[PDB]
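Okay, so here's just one chain, in structure tokens, the form deposited without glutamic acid (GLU).
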């Protein structure tokens, strides 16, 4: 079927110029740097070094180049990806980005100076589909800390390694009342859910028990690396030192969890707090965070490597929790109006999943009074407005809505 692909792209010409193949490939939304295309691109480079002709691939030479990644290339070229007309869709992404750009309100988080420093005018959006198709607009290569955006990810790691039953013996599954917002613990002495601070503190104590903080951290970072397809994941020591210095509320919670015996036997509470502040201080960009979201969108498989990272159980539970508990006190309105699993963070990040379709990261630093990014909230509403993405939006009958699949 390397043969068939040749005929498709050639346009009845004898030979295909390299740049024409590359251009057609990029228009699918794949990137030439995609890890699943490595053999093909290695072969194009090499044959460019060794070639008799200029840039022209004849049937035989194209076959040489694509054969190892032929299945993925034919999917791309046939239009079998989740969003077949990716170019049209990315143009829509850009307009929504421009519209949200206008929304100038909100306040940058200043409780530590690493958050305070960020310009209010930083605004980026990245997309990664479940087939690995990519796009980005605005400030999508600027590093920033996940903060509470790491909470679903470490809950995923916990459930993956340990199972639903073990995890939920320590942490609940439900949104607390709009009037149990300030309660550390529910009636069973369990924190309400893994997306509040007390719940995430307990989740942090479940991961990789019985090794030191360095190894625990290495384990989580290696896991984050796979979810992001080995795109950027780093660490802000400066952020960490600040979080630790001013984490009075989290120390309060940790002492209370200790008193109510909420930790697994043998836990060093102060050491778990330290780990917690480190996980908060992990750095991403919009582009790498979008792939992490897309992994969640894809049932636990990283769409740009094809690697199994998370179990189906881990992903399902994480999405359910992000649905109901992921946007602080705006979670109910968010679920009603947007209808997508989403997690916000105090850096202005919103990690957004569109199950079966794609993953997003939206970043801008000024926050609204709920602590959610202003541009990001406006973007997510506008995205649902446009597209049939909502949770309960009918796949066959959708009104004036467009359907891109169809054609701390």
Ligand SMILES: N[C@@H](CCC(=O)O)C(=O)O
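Numbering follows the first chain given and starts at 1.
Asker: Deposited residues absent from the coordinates between residue 407 and residue 408, none, 1 to 3, 4 to 9, or 10 or more?
Answerer: The entry has a long gap there, with 10 or more residues left out between residue 407 and residue 408.
Asker: Quick check: 352-360 versus 29-37, which has the larger average CA B-factor in the record?
Answerer: Higher mean C-alpha B-factor in the PDB entry: 29-37.
Asker: If you average the CA temperature factors as listed in the entry, which stretch comes out higher, 268-276 or 287-295?
Answerer: Mean C-alpha B-factor is greater for 268-276.
Asker: Looking at 343, 375, 59, 381, which one carries the largest C-alpha B-factor according to the PDB entry?
Answerer: The C-alpha B-factor peaks, among 343, 375, 59, 381, at 59.
Asker: Between 131, 329, 189, 231, which one tops the list for C-alpha B-factor in the PDB entry?
Answerer: When the deposited C-alpha B-factors of 131, 329, 189, 231 are compared, 189 is largest.
Asker: Please place residue 105 in the lowest, middle or highest third of its chain by C-alpha B factor as given in the entry.
Answerer: As the PDB entry reports it, the C-alpha B-factor of residue 105 lands in the highest third of its chain.
Asker: Give the position of residue 300 by CA B-factor within its chain, expressed as the lowest, middle or highest third.
Answerer: Residue 300: CA B-factor falls in the lowest third of its chain.
Asker: Taking only the Cα B-factors deposited for this chain, tell me whether residue 347 sits in the lowest, middle or highest third.
Answerer: According to the entry, residue 347 has a C-alpha B-factor in the chain's lowest third.
Asker: Would the CA B-factor of residue 76 place it in the lowest, middle or highest third of its chain?
Answerer: Top third by C-alpha B-factor.
Asker: Split the chain's modelled residues into thirds by Cα B-factor; is residue 254 in the lowest, middle or highest one?
Answerer: Lowest third - that is where residue 254 ends up once the chain's C-alpha B-factors are sorted.
Beyond the structure shown, there is the form solved in complex with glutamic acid (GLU), which is absent from this document and is the topic of what follows.
Asker: Three or more ligand atoms within 2.4 Å of the backbone or C-beta would mean blocked. So with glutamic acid (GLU) superimposed as it binds in the deposited complex, which is it here, open or blocked?
Answerer: Site status: blocked.
Asker: Heavy atoms within 4.5 Å of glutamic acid (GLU) in the deposited complex: which of the stretches 82-90, 127-135, 206-214, 243-251 has them?
Answerer: In short, 243-251.
Asker: So which of 285, 298, 193, 147 reaches within 4.5 angstroms of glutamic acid (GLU) in the deposited complex, heavy atom to heavy atom?
Answerer: Looking at the other structure, the residue within range turns out to be 147.
Asker: Just to be sure I understand the contacts: of 219, 232, 111, 235, which is the one whose heavy atoms reach within 4.5 angstroms of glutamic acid (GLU) in the deposited complex?
Answerer: It is 111.
Asker: Counting only non-hydrogen atoms and a 4.5 angstroms cut-off, does residue 227 reach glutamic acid (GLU) in the deposited complex?
Answerer: Although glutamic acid (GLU) is absent here, residue 227 would stay clear of it in the deposited complex, with no heavy atoms inside 4.5 Å.
Asker: Although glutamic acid (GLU) is absent from this view, report whether residue 280 comes within 4.5 Å of it in the deposited complex, heavy atoms only.
Answerer: Yes, contact at 4.5 Å.
Asker: Wondering, does residue 331 line up within 4.5 Å of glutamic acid (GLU) in the deposited complex on heavy atoms?
Answerer: Taking the distances in the deposited complex, the answer for residue 331 is no, it never comes within 4.5 Å of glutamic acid (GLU).
Asker: Please tell me whether any heavy atom belonging to residue 197 falls inside 4.5 Å of a heavy atom of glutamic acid (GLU), as the geometry stands in the deposited complex.
Answerer: Although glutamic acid (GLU) is absent here, residue 197 would touch it in the deposited complex, with heavy atoms inside 4.5 Å.
Asker: Even though the chain is shown alone, can you say which residues of 338-356 have a heavy atom within 4.5 Å of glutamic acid (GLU) in the deposited complex?
Answerer: Stretch hits, in order: 345, 346.
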